[PDB]
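Enquirer: Encoded as structure tokens, here's the structure I'll be asking about.
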Amino acid sequence: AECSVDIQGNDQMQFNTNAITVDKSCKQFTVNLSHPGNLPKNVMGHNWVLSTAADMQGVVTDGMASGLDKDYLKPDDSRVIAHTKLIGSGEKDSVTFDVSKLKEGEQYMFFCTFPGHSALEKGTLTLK
């Protein structure tokens with residue numbers, strides 16, 4: 001779309017994109033996450049979580065420390081630019097955030113924090 005992207009996480013631990021370009025015209029950006037498949041949220045939950053590339057691992061590690069009731073995310077983690085909820089199959093969640101939180105030239109990663117899953121469920125996001 002524009003100033004937005006629909007992303008899907010499937011039953012095989014994959015997002016259907018690995019690269020998002022955010023048009024610098026946009027004042028806000030919206031991610032619409034959905035989960036086609038049958039698998040439930042405790043086995044195959046997906047979230048879409050954005051951080052700088054440098055911050056991704058600490059976010060993933062502390063998200064694992066926080067656990068499933070915290071949607072596998074440290075509450076108020078200052079390094080998380082934007083995140084959806086964790087969703088199961090057939091569910092949908094959107095997050096919108098201010099584009100002024102990003103800058104050109106910097107490297108951002110989006111990823112799911114379900115334990116173990118970010119090895120596959122990840123990609124890059126750039127402002128251009």
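Enquirer: With respect to the numbered conditions (1) in contact with a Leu (Cβ under 6 Å, 6 or more places away or on another chain); (2) surrounded by fewer than 20 Cβ atoms within 10 Å (Cβ to Cβ); (3) of a type in the set (A, V, I, L, M, F, W, C); (4) within 20 Å of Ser94 (Cβ to Cβ), which one is the sole condition not fulfilled by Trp48?
Expert: (2)
Enquirer: Give all pairs with beta carbons closer than 7 Å in which a residue from segment 5-22 that is closer than 19 Å to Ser51 by Cα meets a residue that is buried (at least 16 other Cβ atoms within 10 Å of the Cβ) and among the charged types (D, E, K, R); count only pairs at least 6 apart in sequence or on separate chains.
Expert: Between residues of segment 5-22 that are closer than 19 Å to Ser51 by Cα and residues that are buried (at least 16 other Cβ atoms within 10 Å of the Cβ) and among the charged types (D, E, K, R), the close pairs are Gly9/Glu121; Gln14/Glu121; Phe15/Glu121.
Enquirer: Could you give me the residue pairs with C-beta distances under 7 Å whose first residue belongs to segment 58-72 and is on the phi > 0 side of the Ramachandran plot, whose second residue is surrounded by fewer than 23 Cβ atoms within 10 Å (Cβ to Cβ) and assigned to a loop (DSSP other than H, G, I, E, B) wherever it lies, and which are 6+ apart or on separate chains?
Expert: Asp71/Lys85; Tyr72/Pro115
Enquirer: Further question on the same structure: Which condition from (1) β-branched (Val, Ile, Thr); (2) closer than 15 Å to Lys85 by Cα; (3) over 12 Å from the mean Cα position of the chain (by Cα) is the one that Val22 breaks?
Expert: It is condition (2) that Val22 fails.
Enquirer: If you take the residues in segment 87-108 that are surrounded by 13 or more Cβ atoms within 10 Å (Cβ to Cβ) and acidic (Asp, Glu), which one is nearest to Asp6 (Cα to Cα)?
Expert: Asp93
Enquirer: Could you list all residues from segment 6-43 that are touching a strand residue (DSSP E or B) at 6+ places or on another chain (Cβ under 8 Å) and more than 22 Å from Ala119 (Cβ to Cβ)?
Expert: Those that are touching a strand residue (DSSP E or B) at 6+ places or on another chain (Cβ under 8 Å) and more than 22 Å from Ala119 (Cβ to Cβ): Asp6, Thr21, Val22, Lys24, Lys27, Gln28, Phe29, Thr30, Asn32.
Enquirer: Could you run through segment 62-78 and say how many residues are over 25 Å from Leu127 (Cβ atoms), part of a loop (DSSP other than H, G, I, E, B) and among the hydroxyl-bearing types (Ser, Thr, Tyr)?
Expert: 1
Enquirer: Pairs under 9 Å by beta carbon, first residue within 13 Å of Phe97 (Cβ to Cβ) in segment 24-35, partner buried (at least 19 other Cβ atoms within 10 Å of the Cβ) and of a type in the set (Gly, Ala, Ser), six or more apart or different chains?
Expert: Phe29/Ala82; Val31/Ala82
Enquirer: Considering each of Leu120, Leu102 in turn, give the residue that is more than 22 Å from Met13 (Cβ to Cβ), over 10 Å from the mean Cα position of the chain (by Cα) and touching a residue at least 40 places away in the same chain (Cβ under 8 Å). Write out each step before concluding.
Expert: Values: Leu120 fails: more than 22 Å from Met13 (Cβ to Cβ).
Of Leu120, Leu102, the one residue that is more than 22 Å from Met13 (Cβ to Cβ), over 10 Å from the mean Cα position of the chain (by Cα) and touching a residue at least 40 places away in the same chain (Cβ under 8 Å) is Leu102.
Enquirer: Quick check, is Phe111 surrounded by fewer than 19 Cβ atoms within 10 Å (Cβ to Cβ) and of a type in the set (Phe, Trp, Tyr)?
Expert: On the way: surrounded by fewer than 19 Cβ atoms within 10 Å (Cβ to Cβ): no; of a type in the set (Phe, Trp, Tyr): yes.
The answer is no for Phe111.
Positions of Cβ are generated from backbone atoms using ideal geometry, with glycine treated the same way; all protein chains shown enter the neighbour counts. Each value in this text was obtained by applying a stated rule to the coordinates, not by laboratory testing.
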